[PDB]
Amino acid sequence: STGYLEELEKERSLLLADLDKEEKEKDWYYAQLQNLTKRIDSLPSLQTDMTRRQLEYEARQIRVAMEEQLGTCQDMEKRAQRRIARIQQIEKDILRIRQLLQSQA
């Protein structure tokens, strides 16, 4: 409720919000990629070729912006591990600190 305990509960809320944001950030980037993919699969020629390369290029830009934003696929998955690990470590700390304050009271 107060002090370090308050701070831990707020760090936990922060980390939980990090996971949620990053995951919606990924759904966003992937929805974009999937739609460009479905578009390449809707093509019938010189025109179709012109268009397929344009879309692949565009999908190439969307992949670059994403890695610059969420890192690679390797560090994107390890980032969520430390968050989950930390949230879980924070949760046991909180219980013990409440128990400590209870012990006294």
Side-chain angles (χ1 to χ4, degrees):
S1 199
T2 309
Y4 190 45
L5 190 68
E6 178 206 18
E7 282 170 42
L8 283 169
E9 305 172 317
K10 285 188 179 301
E11 198 195 327
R12 175 177 174 273
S13 295
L14 210 213
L15 290 174
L16 281 170
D18 298 320
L19 290 174
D20 192 54
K21 174 180 166 175
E22 184 150 301
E23 262 43 70
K24 290 175 175 171
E25 200 167 8
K26 270 180 53 178
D27 289 336
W28 182 51
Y29 282 121
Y30 287 167
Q32 285 179 288
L33 300 175
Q34 291 154 184
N35 292 338
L36 279 175
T37 275
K38 287 167 56 185
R39 283 224 289 158
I40 277 180
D41 306 358
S42 305
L43 298 171
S45 75
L46 169 53
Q47 153 65 317
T48 291
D49 272 23
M50 294 283 76
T51 296
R52 175 177 297 100
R53 290 165 200 132
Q54 180 48 46
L55 300 180
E56 296 184 313
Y57 160 77
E58 284 177 40
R60 200 168 287 137
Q61 301 319 300
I62 295 176
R63 225 109 91 269
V64 173
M66 179 174 199
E67 181 164 296
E68 282 175 340
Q69 280 287 70
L70 307 163
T72 69
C73 187
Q74 273 50 51
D75 56 359
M76 188 165 78
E77 69 186 320
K78 286 195 176 60
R79 171 183 308 135
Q81 267 317 300
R82 289 177 277 84
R83 271 166 180 165
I84 293 174
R86 182 54 189 159
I87 289 171
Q88 288 169 163
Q89 179 50 61
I90 282 167
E91 302 186 309
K92 62 179 75 74
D93 293 333
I94 286 173
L95 288 170
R96 298 303 297 275
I97 299 179
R98 283 170 178 164
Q99 286 166 28
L100 188 237
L101 299 174
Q102 232 71 197
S103 291
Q104 292 145 169

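Heavy atoms only: backbone and side chains are in, while hydrogens, waters and symmetry mates are out. Residue numbers run from 1 in the order of the sequence given.
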Donor-acceptor contact present, side-chain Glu22 to main-chain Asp18, <3.5 Å: no
Check: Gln61 side chain, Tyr57 main-chain N or O, donor-acceptor pair, under 3.5 Å: yes
Is it true that the side chains of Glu58 and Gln54 contain a donor and an acceptor less than 3.5 Å apart? yes
Looking at CG of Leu95 and CG of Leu5, how far apart are the two atoms once the value is rounded to the nearest 0.5 Å? 9.5 Å
Would you confirm whether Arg63, through its side chain, and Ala59, through its main-chain N or O, come within 3.5 Å as a donor-acceptor pair? yes
I'd like to know if the side chain of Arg79 and the backbone of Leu70 have a donor-acceptor N/O pair within less than 3.5 Å. yes
Are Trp28 and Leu33 connected in the hydrophobic side-chain network, where two residues link if heavy atoms are under 4.5 Å apart? yes
Would you call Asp49-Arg52 a salt bridge at under 4.0 Å N-O? yes
SB check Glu9 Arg98 (cutoff 4.0 Å): yes
Between the CE atom in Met66 and the NZ atom in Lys26, the distance rounded to the nearest 0.5 Å is 6.5 Å
Look at the side chain of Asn35 and the backbone N and O of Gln32, then say whether any donor-acceptor pair between them is shorter than 3.5 Å. no
Flag if over 12 foreign heavy atoms under 6.0 Å of NZ, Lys38: no
Under the side chain to side chain donor-acceptor pair (under 3.5 Å) rule, what do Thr48 and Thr51 come out as? Steps first, then yes or no, please. CA-CA 5 Å; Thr48 291; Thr51 296; over 6 Å; no
So, the side chain of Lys24 versus the backbone of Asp20: is there a donor-acceptor pair under 3.5 Å, distance only? no
